[PDB]
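Visitor: The structure under discussion is supplied below as structure tokens; questions concerning it will follow.
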Amino acid sequence: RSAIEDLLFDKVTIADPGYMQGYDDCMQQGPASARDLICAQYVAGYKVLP
Amino acid sequence: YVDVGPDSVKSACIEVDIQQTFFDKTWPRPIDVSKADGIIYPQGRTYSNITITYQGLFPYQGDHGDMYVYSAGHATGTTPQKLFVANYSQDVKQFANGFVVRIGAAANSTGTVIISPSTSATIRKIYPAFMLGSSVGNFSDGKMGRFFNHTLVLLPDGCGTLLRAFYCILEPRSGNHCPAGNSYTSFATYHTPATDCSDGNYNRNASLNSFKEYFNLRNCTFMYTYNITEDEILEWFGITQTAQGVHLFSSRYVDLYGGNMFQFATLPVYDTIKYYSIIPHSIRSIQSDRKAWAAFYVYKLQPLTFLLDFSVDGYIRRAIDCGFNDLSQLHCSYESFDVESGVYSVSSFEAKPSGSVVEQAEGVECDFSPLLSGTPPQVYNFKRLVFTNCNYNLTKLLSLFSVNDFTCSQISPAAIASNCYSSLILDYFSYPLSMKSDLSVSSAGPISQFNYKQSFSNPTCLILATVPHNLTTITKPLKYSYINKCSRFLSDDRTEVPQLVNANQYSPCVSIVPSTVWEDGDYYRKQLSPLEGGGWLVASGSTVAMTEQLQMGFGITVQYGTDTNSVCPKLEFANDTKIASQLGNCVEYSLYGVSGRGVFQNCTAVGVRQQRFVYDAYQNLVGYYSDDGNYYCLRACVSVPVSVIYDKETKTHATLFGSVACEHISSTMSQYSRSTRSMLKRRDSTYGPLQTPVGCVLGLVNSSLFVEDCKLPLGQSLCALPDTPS
Amino acid sequence: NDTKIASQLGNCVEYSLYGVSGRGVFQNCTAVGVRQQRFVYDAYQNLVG
Amino acid sequence: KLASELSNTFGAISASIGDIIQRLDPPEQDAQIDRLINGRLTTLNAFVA
């Protein structure tokens, strides 16, 4: 990508996207400290498209 | 009653032998909804070639049904013998909001005789017979399927051209091989074509007489007959029950070729059908003259939504069960039989959660013994019990009094006994039944104005009851009594202002009023000090005569806390399994009466201790400090989104499970997002799941082709290229 | 002793058909199925004929 | 916004359907649920717009 793009991405505070996979980080098979609203979509029926 | 015709002559019956192992066949018939199989036409309306959606009772599309085959009985040589029959008489079924059938479906084909199957006779249509009713039970010989009181009877009689129906009481017969006899085996009916069904005089009573041979008609309340003509073409028929009585439907009456069923007839009977069975029958024909009969099928009705493809002639020609597949759901979403190609979201998997575990109690039994003695208070003298930390069985408490009124608000009357809470609160008082119009949570009576009020922030119940003559420790007031006034006079002695009672609290006038009201209309007054703001307190009351057995009232309310929920019903945990760990599926739970469902993880701890439950900003439980000294975190549960890839040009499809990972996927699954996924399995029964950068998929095959316009992009660099074009 | 109002060809004159009622115009036209279901309706349950 | 609305009772006796079910007689149970459903549908409509 570019040094500028990566600097930008580090400055951006957005939660990490799923799809490869992060399903197990919603679940007990991942850190207990996860607090992502991204895993909470599984409860709401919300879907993040790629 | 109904003119039943002549009484059966023989007390005796033809012997009936069960030959059921001969009757297995592998001729299942799934519903083809695209042929409109099993569709009941809507009542009182018709439509043009526009298509609609509709909900009503229908068979499930994937159901192959239950199949039965009628057969010839025992005969040998040149004569009729014993009734060799199937064991269908014992097949009692729960009624399931009606059913539909196929009749003659195997006609103009061949099969076997079954009882003497080596003959391989061609098969022909035969009409089915049925019995329905509100109750079933054992025959005096312990045999299955006896019916009680009045029952429905439906049977063709003699030739299929006559149909009869009845609502009657069966009468058992004491002869050899008959229902009251102890030589009874099983009920059966028969036809004897060697003398029955003459072409100059069909025997209209043939099957009625063989029916009567085992059960005499008695007390019959309804009878009907119908005219039919022969037709080997498959017929659809069915029966349902409504608040307007039982109704009959057939395709024969209106739609001989399309198979749509119309309501042919109705019945006056309002007795609910709780049970259903098929009546066995046999043909008495001679061993060299035997004829095989076509298979019979039945399907249970269900309250399902369907697309309906009406024709310009108003027949439904095609239909789609919305619930059958996610593909069917897609069609129902667009109200059409041809959705445009694309990728579309469909509902998520439910994730198959585990059966429940609990953390409720330890605690002691709730001491409800104060209720066992003394005189209960006048309504302004209330006595209260409040329970914490304890276990109970209120039905044992209830057994000690006779309750003449049990009602509740904001809680079912059953649930107040079964729910776990931070507290259980009971108020009790003496109360004659003569005053009962004034005891409700909404009452405008003087009892609620000045003696009691109940908050609506807590669920509550009310009990009116009386004391049994064997409760000698219970005692009663000289008269029942209450305060009917409680106000303060203004210091200038003209104006006066009422003091209504506070919810769940004693009225202020209790400080001047005597423990009972000595006489009806007694009143008292108190001058008030300048420290009290002046004026005169004034109060008065009324009485009701005492009764032979004490009458009582109770108010009951509950409080839900968070970490204080130690009052629960006595545990049912004995004879179960170790709790609460599974870890494991996202198991249903109750912890100290806090219901929920979710999965736990044995992680560290966060403050603060002894609050038990931990919550987020959205009021969702985060975790719990276990009394095994480990904090467990709660992740509630997860679900798996599903989407489909549909190429209508080839009419083919594939699916995507997103981020679930193929480590949690297998060729079949049960979580579940749909009752079946067999449409994918049509090709994917032979393939493993494939992981992709967007997600785990089925049926997409890694061809590694490069195409600049996929027409079904999956996002990123992914492509759902179609199988080679139409 | 009446005007014989069983049909008109017609007019928006209010009608009642076995307890079904409304106002509208009638005109003899081809038949659509299913015959003997009486009331033909559209997808919004408006009577068609 | 969608997440916060999952906890938003509309004056319904509880924000949870299972909680309503375990607490109520069916004649009232579905009155509370219907009220809850209507507000939930309303948030979806606003969300789409």
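All residue names refer to the structure tokens as shown: chains lettered A, B, ... in order, residues numbered from 1 in each chain, ligands numbered from 1 in order.
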Please return, as a compact mmCIF listing (two decimals) with C-alpha atoms, in the first residue's frame, all residues of chain B lying within 9 Å of chain D when only C-alpha atoms are considered.
Guide:
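Saved to selection_29.txt:
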# COMPACT_ATOMS: atom_id res chain seq x y z
CA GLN B 410 -48.49 -8.68 35.70
CA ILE B 411 -47.66 -12.33 36.28
CA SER B 412 -49.39 -15.61 35.43
CA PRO B 413 -50.81 -17.28 38.61
CA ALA B 414 -48.65 -20.29 37.88
CA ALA B 415 -45.47 -18.22 37.43
CA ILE B 416 -45.62 -16.58 40.81
CA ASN B 419 -40.20 -17.80 39.59
CA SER B 595 -32.64 -16.39 33.29
CA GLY B 596 -30.69 -16.14 30.10
CA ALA B 617 -23.67 0.07 29.07
CA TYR B 618 -26.49 -1.58 27.10
CA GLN B 619 -27.84 -3.49 30.14
CA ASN B 620 -26.57 -6.86 28.97
Visitor: Find the residues of chain A in contact range of chain B, meaning any atom within 7 Å when counting only C-alpha atoms, and list them as a list in words.
Guide: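 Here is what falls inside 7 Å: residues 18, 19, 20, 21, 22, 23, 26, 27, 28, 32, 42, 43 and 50 of chain A.
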Visitor: Would you output that residue set with N, CA, C and O atoms, as a compact mmCIF listing (two decimals), in the first residue's frame?
Guide:
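Produced file selection_12.txt, reproduced below:
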# COMPACT_ATOMS: atom_id res chain seq x y z
N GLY A 18 -14.25 -8.52 10.02
CA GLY A 18 -14.20 -9.96 10.13
C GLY A 18 -13.78 -10.59 8.79
O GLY A 18 -12.87 -10.13 8.10
N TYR A 19 -14.46 -11.68 8.46
CA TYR A 19 -14.36 -12.53 7.24
C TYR A 19 -13.12 -13.41 7.11
O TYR A 19 -13.13 -14.34 6.30
N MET A 20 -12.13 -13.29 7.98
CA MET A 20 -11.09 -14.29 7.99
C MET A 20 -10.41 -14.44 9.35
O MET A 20 -9.18 -14.35 9.42
N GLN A 21 -11.14 -14.71 10.45
CA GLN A 21 -12.61 -14.80 10.58
C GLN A 21 -13.12 -13.90 11.68
O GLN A 21 -13.97 -13.04 11.47
N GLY A 22 -12.58 -14.13 12.87
CA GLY A 22 -12.91 -13.41 14.09
C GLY A 22 -14.21 -13.91 14.74
O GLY A 22 -14.66 -13.35 15.73
N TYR A 23 -14.80 -14.98 14.19
CA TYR A 23 -15.98 -15.62 14.75
C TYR A 23 -15.68 -16.24 16.10
O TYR A 23 -16.47 -16.16 17.03
N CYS A 26 -15.68 -14.02 19.08
CA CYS A 26 -16.97 -13.55 19.58
C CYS A 26 -17.30 -14.47 20.74
O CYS A 26 -17.59 -14.03 21.84
N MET A 27 -17.02 -15.74 20.42
CA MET A 27 -17.04 -16.98 21.17
C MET A 27 -16.01 -17.08 22.27
O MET A 27 -15.05 -16.31 22.34
N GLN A 28 -16.22 -18.04 23.16
CA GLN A 28 -15.29 -18.38 24.23
C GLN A 28 -13.87 -18.83 23.73
O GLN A 28 -12.91 -18.82 24.49
N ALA A 32 -11.00 -13.15 26.39
CA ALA A 32 -12.12 -12.74 27.20
C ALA A 32 -12.29 -11.23 27.23
O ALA A 32 -13.36 -10.72 27.57
N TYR A 42 -23.85 -10.67 15.70
CA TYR A 42 -24.37 -12.01 15.72
C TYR A 42 -25.61 -12.15 16.57
O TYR A 42 -26.41 -13.07 16.36
N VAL A 43 -25.76 -11.25 17.55
CA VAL A 43 -26.93 -11.21 18.38
C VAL A 43 -28.04 -10.45 17.69
O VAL A 43 -29.19 -10.90 17.63
N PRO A 50 -18.70 -7.51 3.10
CA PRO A 50 -17.33 -7.32 2.69
C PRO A 50 -17.25 -6.18 1.67
O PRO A 50 -18.22 -5.96 0.93
Visitor: Counting only C-alpha atoms, which residues of chain A sit at most 12 Å from some atom of chain D, and what is each one's closest atom pair with its distance in Å to one decimal, listed by chain and rising residue number, as a tab-separated table?
Guide:
residue	atom	partner	partner_atom	distance
A:37	CA	D:3	CA	8.6
A:38	CA	D:3	CA	10.9
A:39	CA	D:3	CA	11.6
A:40	CA	D:3	CA	8.2
A:41	CA	D:3	CA	8.3
A:42	CA	D:3	CA	11.0
A:43	CA	D:3	CA	9.2
A:44	CA	D:3	CA	6.9
A:45	CA	D:3	CA	10.2
A:46	CA	D:2	CA	8.7
A:47	CA	D:2	CA	11.8
Visitor: Output C-alpha atoms for every residue in the selection just made, as a CSV table (one decimal), in the first residue's frame.
Guide:
chain,number,residue,atom,x,y,z
A,37,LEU,CA,-19.4,-4.3,18.6
A,38,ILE,CA,-18.4,-6.2,15.5
A,39,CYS,CA,-18.9,-9.5,17.3
A,40,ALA,CA,-22.2,-8.2,18.7
A,41,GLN,CA,-23.8,-8.3,15.2
A,42,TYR,CA,-24.4,-12.0,15.7
A,43,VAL,CA,-26.9,-11.2,18.4
A,44,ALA,CA,-28.6,-8.4,16.5
A,45,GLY,CA,-28.8,-10.3,13.2
A,46,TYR,CA,-26.8,-7.3,11.8
A,47,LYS,CA,-24.5,-8.2,8.9
Visitor: Per residue of chain B within 7 Å of chain C, record the nearest atom pair and its distance in Å to one decimal, counting only C-alpha atoms, with rows in chain order and ascending residue number, as a Markdown table.
Guide:
| residue | atom | partner | partner_atom | distance |
| --- | --- | --- | --- | --- |
| B:44 | CA | C:37 | CA | 5.8 |
| B:45 | CA | C:39 | CA | 5.3 |
| B:46 | CA | C:40 | CA | 4.7 |
| B:47 | CA | C:40 | CA | 5.5 |
| B:48 | CA | C:32 | CA | 7.0 |
| B:52 | CA | C:43 | CA | 6.5 |
| B:312 | CA | C:33 | CA | 6.5 |
| B:313 | CA | C:33 | CA | 3.9 |
| B:314 | CA | C:33 | CA | 4.6 |
| B:315 | CA | C:34 | CA | 6.8 |
Visitor: Mind the document's chain letters and residue numbers, and return as a PDB file with N, CA, C and O atoms, in the first residue's frame the residues of range 141-387 of chain B that DSSP labels alpha helix (DSSP H).
Guide:
ATOM      1  N   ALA B 206     -73.437 -53.431   1.953  1.00  0.00           N
ATOM      2  CA  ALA B 206     -72.447 -54.493   2.177  1.00  0.00           C
ATOM      3  C   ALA B 206     -71.422 -54.240   3.253  1.00  0.00           C
ATOM      4  O   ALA B 206     -71.130 -55.127   4.064  1.00  0.00           O
ATOM      5  N   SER B 207     -70.879 -53.034   3.271  1.00  0.00           N
ATOM      6  CA  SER B 207     -69.858 -52.752   4.245  1.00  0.00           C
ATOM      7  C   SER B 207     -70.461 -52.335   5.554  1.00  0.00           C
ATOM      8  O   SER B 207     -69.854 -52.554   6.599  1.00  0.00           O
ATOM      9  N   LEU B 208     -71.688 -51.792   5.512  1.00  0.00           N
ATOM     10  CA  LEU B 208     -72.386 -51.459   6.728  1.00  0.00           C
ATOM     11  C   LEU B 208     -72.686 -52.682   7.530  1.00  0.00           C
ATOM     12  O   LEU B 208     -72.559 -52.665   8.749  1.00  0.00           O
ATOM     13  N   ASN B 209     -73.066 -53.757   6.853  1.00  0.00           N
ATOM     14  CA  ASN B 209     -73.365 -54.969   7.559  1.00  0.00           C
ATOM     15  C   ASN B 209     -72.121 -55.604   8.147  1.00  0.00           C
ATOM     16  O   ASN B 209     -72.143 -56.032   9.305  1.00  0.00           O
ATOM     17  N   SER B 210     -71.014 -55.635   7.385  1.00  0.00           N
ATOM     18  CA  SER B 210     -69.799 -56.176   7.972  1.00  0.00           C
ATOM     19  C   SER B 210     -69.242 -55.288   9.084  1.00  0.00           C
ATOM     20  O   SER B 210     -68.587 -55.782   9.995  1.00  0.00           O
ATOM     21  N   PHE B 211     -69.517 -53.980   9.032  1.00  0.00           N
ATOM     22  CA  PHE B 211     -69.177 -53.099  10.134  1.00  0.00           C
ATOM     23  C   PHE B 211     -69.954 -53.426  11.395  1.00  0.00           C
ATOM     24  O   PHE B 211     -69.373 -53.547  12.480  1.00  0.00           O
ATOM     25  N   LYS B 212     -71.278 -53.623  11.219  1.00  0.00           N
ATOM     26  CA  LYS B 212     -72.188 -53.938  12.306  1.00  0.00           C
ATOM     27  C   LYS B 212     -71.926 -55.262  12.948  1.00  0.00           C
ATOM     28  O   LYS B 212     -72.212 -55.441  14.131  1.00  0.00           O
ATOM     29  N   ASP B 326     -34.265 -22.046   1.826  1.00  0.00           N
ATOM     30  CA  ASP B 326     -33.948 -20.642   1.757  1.00  0.00           C
ATOM     31  C   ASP B 326     -34.173 -20.122   0.340  1.00  0.00           C
ATOM     32  O   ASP B 326     -34.486 -18.946   0.156  1.00  0.00           O
ATOM     33  N   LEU B 327     -34.057 -21.004  -0.661  1.00  0.00           N
ATOM     34  CA  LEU B 327     -34.412 -20.634  -2.009  1.00  0.00           C
ATOM     35  C   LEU B 327     -35.894 -20.321  -2.108  1.00  0.00           C
ATOM     36  O   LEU B 327     -36.288 -19.356  -2.763  1.00  0.00           O
ATOM     37  N   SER B 328     -36.727 -21.137  -1.445  1.00  0.00           N
ATOM     38  CA  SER B 328     -38.152 -20.866  -1.436  1.00  0.00           C
ATOM     39  C   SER B 328     -38.491 -19.589  -0.708  1.00  0.00           C
ATOM     40  O   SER B 328     -39.399 -18.865  -1.115  1.00  0.00           O
ATOM     41  N   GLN B 329     -37.700 -19.270   0.319  1.00  0.00           N
ATOM     42  CA  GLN B 329     -37.871 -18.037   1.039  1.00  0.00           C
ATOM     43  C   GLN B 329     -37.577 -16.844   0.184  1.00  0.00           C
ATOM     44  O   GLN B 329     -38.267 -15.828   0.280  1.00  0.00           O
ATOM     45  N   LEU B 330     -36.567 -16.978  -0.673  1.00  0.00           N
ATOM     46  CA  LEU B 330     -36.224 -15.932  -1.601  1.00  0.00           C
ATOM     47  C   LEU B 330     -37.341 -15.661  -2.574  1.00  0.00           C
ATOM     48  O   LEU B 330     -37.682 -14.505  -2.829  1.00  0.00           O
ATOM     49  N   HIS B 331     -37.955 -16.725  -3.089  1.00  0.00           N
ATOM     50  CA  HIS B 331     -39.076 -16.521  -3.972  1.00  0.00           C
ATOM     51  C   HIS B 331     -40.246 -15.887  -3.274  1.00  0.00           C
ATOM     52  O   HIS B 331     -40.936 -15.036  -3.844  1.00  0.00           O
ATOM     53  N   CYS B 332     -40.470 -16.262  -2.011  1.00  0.00           N
ATOM     54  CA  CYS B 332     -41.585 -15.676  -1.314  1.00  0.00           C
ATOM     55  C   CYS B 332     -41.342 -14.217  -1.002  1.00  0.00           C
ATOM     56  O   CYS B 332     -42.268 -13.410  -1.044  1.00  0.00           O
ATOM     57  N   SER B 333     -40.071 -13.851  -0.780  1.00  0.00           N
ATOM     58  CA  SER B 333     -39.709 -12.473  -0.500  1.00  0.00           C
ATOM     59  C   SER B 333     -40.020 -11.541  -1.650  1.00  0.00           C
ATOM     60  O   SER B 333     -40.430 -10.398  -1.440  1.00  0.00           O
TER      61      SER B 333
END
Visitor: What gap, in Å, lies between CA of residue 229 in chain B and CA of residue 160 in chain B?
Guide: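 Distance between the two atoms: 7.3 Å.
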Visitor: Rounded to one decimal, what separation in Å do you get between CA of residue 701 in chain B and CA of residue 341 in chain B?
Guide: 19.5 Å
Visitor: Report as a short mmCIF file (atom, residue, chain, number, x, y, z; two decimals) with N, CA and C atoms, in the first residue's frame all protein, DNA and RNA residues lying within 12 Å of range 87-92 of chain B, evaluated on only C-alpha atoms, omitting residues in the same chain fewer than 3 positions from it.
Guide:
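After the write, around.cif holds the following:
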data_model
loop_
_atom_site.label_atom_id
_atom_site.label_comp_id
_atom_site.auth_asym_id
_atom_site.auth_seq_id
_atom_site.Cartn_x
_atom_site.Cartn_y
_atom_site.Cartn_z
N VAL B 16 -60.16 -62.55 12.72
CA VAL B 16 -59.23 -61.58 12.17
C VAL B 16 -57.81 -61.85 12.61
N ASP B 17 -56.93 -62.11 11.65
CA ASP B 17 -55.53 -62.39 11.94
C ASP B 17 -54.63 -61.27 11.48
N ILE B 18 -53.65 -60.89 12.31
CA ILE B 18 -52.73 -59.84 11.91
C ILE B 18 -51.55 -60.38 11.12
N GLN B 19 -51.45 -59.91 9.88
CA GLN B 19 -50.44 -60.28 8.91
C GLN B 19 -49.51 -59.12 8.51
N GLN B 20 -49.38 -58.12 9.38
CA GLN B 20 -48.68 -56.86 9.09
C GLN B 20 -47.29 -56.90 8.49
N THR B 21 -46.51 -57.95 8.75
CA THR B 21 -45.16 -58.01 8.18
C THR B 21 -45.16 -58.19 6.66
N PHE B 22 -46.27 -58.65 6.08
CA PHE B 22 -46.40 -58.73 4.64
C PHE B 22 -46.57 -57.38 3.95
N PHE B 23 -46.97 -56.35 4.69
CA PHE B 23 -47.39 -55.11 4.07
C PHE B 23 -46.35 -54.01 3.88
N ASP B 24 -45.08 -54.28 4.15
CA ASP B 24 -44.10 -53.25 3.88
C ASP B 24 -43.89 -53.03 2.39
N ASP B 66 -47.63 -40.93 5.06
CA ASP B 66 -47.77 -42.26 5.62
C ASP B 66 -48.51 -43.08 4.60
N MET B 67 -48.05 -44.30 4.36
CA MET B 67 -48.68 -45.09 3.33
C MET B 67 -49.28 -46.36 3.85
N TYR B 68 -50.43 -46.72 3.29
CA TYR B 68 -51.14 -47.91 3.70
C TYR B 68 -51.65 -48.64 2.47
N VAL B 69 -51.76 -49.96 2.52
CA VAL B 69 -52.34 -50.65 1.35
C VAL B 69 -53.40 -51.65 1.79
N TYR B 70 -54.62 -51.50 1.27
CA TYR B 70 -55.70 -52.46 1.51
C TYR B 70 -55.46 -53.76 0.74
N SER B 71 -55.89 -54.90 1.28
CA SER B 71 -55.68 -56.15 0.56
C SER B 71 -56.81 -57.15 0.75
N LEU B 83 -60.28 -63.28 7.84
CA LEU B 83 -59.85 -61.95 7.48
C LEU B 83 -58.39 -61.73 7.81
N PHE B 84 -57.50 -62.01 6.85
CA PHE B 84 -56.11 -61.69 7.09
C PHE B 84 -55.92 -60.23 6.79
N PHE B 95 -54.77 -36.28 16.35
CA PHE B 95 -55.32 -35.45 15.29
C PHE B 95 -54.41 -34.24 15.13
N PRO B 128 -60.58 -45.65 0.95
CA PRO B 128 -60.23 -45.74 2.37
C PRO B 128 -61.40 -45.52 3.32
N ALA B 129 -61.29 -46.10 4.51
CA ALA B 129 -62.29 -45.87 5.57
C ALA B 129 -61.60 -45.30 6.82
N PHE B 130 -62.30 -44.45 7.60
CA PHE B 130 -61.66 -43.80 8.76
C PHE B 130 -62.53 -43.69 10.01
N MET B 131 -61.88 -43.58 11.18
CA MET B 131 -62.63 -43.30 12.40
C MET B 131 -61.96 -42.20 13.21
N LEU B 132 -62.76 -41.26 13.70
CA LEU B 132 -62.22 -40.12 14.43
C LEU B 132 -62.96 -39.85 15.72
N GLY B 133 -62.29 -39.33 16.74
CA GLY B 133 -63.04 -39.00 17.95
C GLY B 133 -62.23 -38.29 19.01
N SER B 134 -62.90 -37.95 20.11
CA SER B 134 -62.26 -37.25 21.21
C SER B 134 -61.53 -38.14 22.22
N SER B 135 -61.79 -39.45 22.20
CA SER B 135 -61.08 -40.31 23.13
C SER B 135 -60.86 -41.73 22.64
N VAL B 136 -59.75 -42.30 23.09
CA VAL B 136 -59.37 -43.68 22.80
C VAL B 136 -58.94 -44.43 24.05
N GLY B 137 -58.92 -45.75 23.96
CA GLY B 137 -58.47 -46.55 25.09
C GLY B 137 -58.46 -48.04 24.78
N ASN B 138 -58.13 -48.83 25.79
CA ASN B 138 -58.10 -50.26 25.64
C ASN B 138 -59.45 -50.97 25.56
N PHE B 139 -59.48 -51.97 24.70
CA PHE B 139 -60.52 -52.98 24.64
C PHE B 139 -60.38 -53.82 25.88
N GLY B 142 -57.27 -55.69 26.27
CA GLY B 142 -56.09 -54.84 26.25
C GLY B 142 -55.71 -54.36 24.85
N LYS B 143 -56.57 -54.62 23.86
CA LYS B 143 -56.26 -54.24 22.49
C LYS B 143 -56.35 -52.72 22.31
N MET B 144 -55.48 -52.19 21.47
CA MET B 144 -55.41 -50.77 21.15
C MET B 144 -56.56 -50.23 20.29
N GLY B 145 -56.79 -48.92 20.41
CA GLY B 145 -57.73 -48.20 19.54
C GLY B 145 -59.23 -48.19 19.81
N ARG B 146 -59.71 -48.68 20.96
CA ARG B 146 -61.14 -48.56 21.20
C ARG B 146 -61.52 -47.09 21.27
N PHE B 147 -62.68 -46.71 20.74
CA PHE B 147 -63.14 -45.33 20.86
C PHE B 147 -64.28 -45.21 21.83
N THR B 185 -59.62 -60.28 18.58
CA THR B 185 -58.26 -60.05 18.16
C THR B 185 -58.16 -58.60 17.73
N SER B 186 -58.68 -58.31 16.55
CA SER B 186 -58.76 -56.95 16.07
C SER B 186 -59.97 -56.72 15.19
N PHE B 187 -60.48 -55.51 15.24
CA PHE B 187 -61.54 -55.06 14.36
C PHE B 187 -61.14 -55.05 12.90
N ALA B 188 -62.07 -55.44 12.04
CA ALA B 188 -61.89 -55.37 10.61
C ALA B 188 -63.25 -55.31 9.95
N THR B 189 -63.29 -54.88 8.69
CA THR B 189 -64.54 -54.90 7.94
C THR B 189 -64.27 -55.55 6.62
N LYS B 274 -59.62 -35.53 18.93
CA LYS B 274 -58.29 -35.59 19.47
C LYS B 274 -57.52 -36.76 18.91
N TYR B 275 -58.22 -37.75 18.35
CA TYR B 275 -57.54 -38.91 17.82
C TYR B 275 -58.07 -39.33 16.48
N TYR B 276 -57.18 -39.94 15.74
CA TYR B 276 -57.45 -40.37 14.40
C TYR B 276 -56.92 -41.75 14.06
N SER B 277 -57.71 -42.56 13.37
CA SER B 277 -57.18 -43.82 12.90
C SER B 277 -57.80 -44.21 11.57
N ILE B 278 -57.11 -45.09 10.86
CA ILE B 278 -57.62 -45.61 9.61
C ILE B 278 -58.30 -46.95 9.87
N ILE B 279 -59.48 -47.15 9.32
CA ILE B 279 -60.15 -48.43 9.49
C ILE B 279 -59.63 -49.47 8.49
N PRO B 280 -59.17 -50.65 8.95
CA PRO B 280 -58.75 -51.77 8.13
C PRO B 280 -59.95 -52.39 7.42
N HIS B 281 -59.69 -52.94 6.26
CA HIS B 281 -60.73 -53.56 5.47
C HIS B 281 -60.15 -54.70 4.70
N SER B 282 -60.99 -55.65 4.31
CA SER B 282 -60.48 -56.70 3.48
C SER B 282 -61.48 -57.20 2.47
#
Visitor: May I have the residues within 9 Å of residue 458 in chain B as a list in words, using only C-alpha atoms and disregarding those fewer than 6 positions away in the same chain?
Guide: residues 410, 557, 558, 559 and 560 of chain B
Visitor: Do a neighbour search on residue 10 in chain D at 12 Å with only C-alpha atoms, toss out local chain neighbours closer than 4 positions, and write the hits as a ChimeraX atom specification.
Guide: /D:5-6,14-16,32-43
Visitor: Quick one: residues within 12 Å of range 12-17 of chain C, only C-alpha atoms counted, chain neighbours fewer than 4 positions away excluded, as a short mmCIF file (atom, residue, chain, number, x, y, z; two decimals) with N, CA, C and O atoms, in the first residue's frame?
Guide:
data_model
loop_
_atom_site.label_atom_id
_atom_site.label_comp_id
_atom_site.auth_asym_id
_atom_site.auth_seq_id
_atom_site.Cartn_x
_atom_site.Cartn_y
_atom_site.Cartn_z
N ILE C 5 -85.02 -5.97 -10.18
CA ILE C 5 -83.68 -5.40 -10.10
C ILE C 5 -82.55 -6.38 -9.97
O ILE C 5 -81.48 -5.98 -9.55
N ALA C 6 -82.75 -7.66 -10.28
CA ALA C 6 -81.67 -8.63 -10.11
C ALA C 6 -80.40 -8.32 -10.93
O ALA C 6 -79.32 -8.77 -10.56
N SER C 7 -80.50 -7.53 -12.00
CA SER C 7 -79.31 -7.06 -12.67
C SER C 7 -79.56 -5.73 -13.36
O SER C 7 -80.70 -5.39 -13.67
N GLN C 8 -78.48 -5.03 -13.68
CA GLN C 8 -78.50 -3.83 -14.51
C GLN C 8 -77.24 -3.87 -15.36
O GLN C 8 -76.22 -4.42 -14.95
N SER C 21 -71.39 -6.42 -0.14
CA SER C 21 -71.98 -5.21 -0.73
C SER C 21 -70.99 -4.12 -1.10
O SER C 21 -69.86 -4.09 -0.62
N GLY C 22 -71.45 -3.24 -1.97
CA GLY C 22 -70.65 -2.14 -2.50
C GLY C 22 -71.46 -1.39 -3.55
O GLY C 22 -72.65 -1.64 -3.69
N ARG C 23 -70.83 -0.46 -4.26
CA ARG C 23 -71.51 0.19 -5.38
C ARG C 23 -70.69 0.02 -6.64
O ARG C 23 -69.46 0.12 -6.59
N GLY C 24 -71.34 -0.20 -7.77
CA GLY C 24 -70.55 -0.26 -8.99
C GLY C 24 -71.30 -0.53 -10.29
O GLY C 24 -72.51 -0.75 -10.31
N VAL C 25 -70.55 -0.54 -11.39
CA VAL C 25 -71.08 -0.80 -12.72
C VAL C 25 -70.93 -2.24 -13.16
O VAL C 25 -69.84 -2.79 -13.08
N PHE C 26 -71.99 -2.83 -13.71
CA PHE C 26 -71.86 -4.17 -14.24
C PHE C 26 -72.08 -4.27 -15.73
O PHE C 26 -72.88 -3.52 -16.31
N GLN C 27 -71.38 -5.20 -16.37
CA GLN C 27 -71.50 -5.40 -17.81
C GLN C 27 -71.16 -6.84 -18.19
O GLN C 27 -70.12 -7.37 -17.79
N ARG C 38 -68.32 -17.78 -7.44
CA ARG C 38 -69.07 -16.54 -7.33
C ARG C 38 -68.27 -15.28 -7.48
O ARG C 38 -68.42 -14.56 -8.46
N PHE C 39 -67.47 -14.98 -6.48
CA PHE C 39 -66.78 -13.72 -6.43
C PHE C 39 -65.34 -13.80 -6.90
O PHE C 39 -64.51 -14.47 -6.28
N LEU C 47 -63.45 -6.59 -5.50
CA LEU C 47 -64.17 -7.48 -6.37
C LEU C 47 -63.93 -7.11 -7.82
O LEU C 47 -64.02 -5.95 -8.21
N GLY C 49 -65.46 -9.28 -10.37
CA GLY C 49 -66.71 -9.58 -11.04
C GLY C 49 -67.48 -10.66 -10.34
O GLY C 49 -67.04 -11.19 -9.32
#
Visitor: Suppose you want the space between CA of residue 562 in chain B and CA of residue 358 in chain B; what is it in Å?
Guide: 15.6 Å
Visitor: Using only C-alpha atoms, can you tell me which of B:183, B:611, B:442, B:272 comes closest to residue 98 in chain B?
Guide: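 Of B:183, B:611, B:442, B:272, the one nearest residue 98 in chain B, counting only C-alpha atoms, is B:272.
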